[PDB]
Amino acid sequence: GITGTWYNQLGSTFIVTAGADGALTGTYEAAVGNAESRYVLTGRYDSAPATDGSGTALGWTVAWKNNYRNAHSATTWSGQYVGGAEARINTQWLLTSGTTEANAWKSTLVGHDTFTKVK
């Protein structure tokens, strides 16, 4: 399932627990950017997905403040879990930095991450 440790193509680490209620909790350690150590993540997933070979929709957020650094930014990942023996979480993400109003047009980066489950 979703619960476990995952790594993406950048070398970031995603440790997550999926709760019976649809909750995602855990920590994220980013390999790049204005980040060090682990950050809290929270999110949600479809706890009763279709079983017709569709992925399980999910998303989560990290605000890039922990007890060692603050980037004044937040990323959300939106995507789907694809189960089986080579499980993947395939995502697109939005990274919004706090900006002044004049600079809001350049506040948000977009990208895509693929996570592979370890073990």
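In this text, residue numbers run from 1 along the sequence as written.
- The question of which stretch, 77-85 or 53-61, has the higher mean Cα B factor is settled in favour of 77-85.
- When 103-111 is weighed against 6-14, 6-14 comes out higher, by mean CA B-factor as recorded in the entry.
- When the modelled residues of the chain are ordered by their C-alpha B factor, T42 lands in the lowest third.
- For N90, the recorded CA temperature factor ranks within the middle third of the chain's modelled residues.
- When the modelled residues of the chain are ordered by C-alpha B-factor, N66 sits in the middle third.
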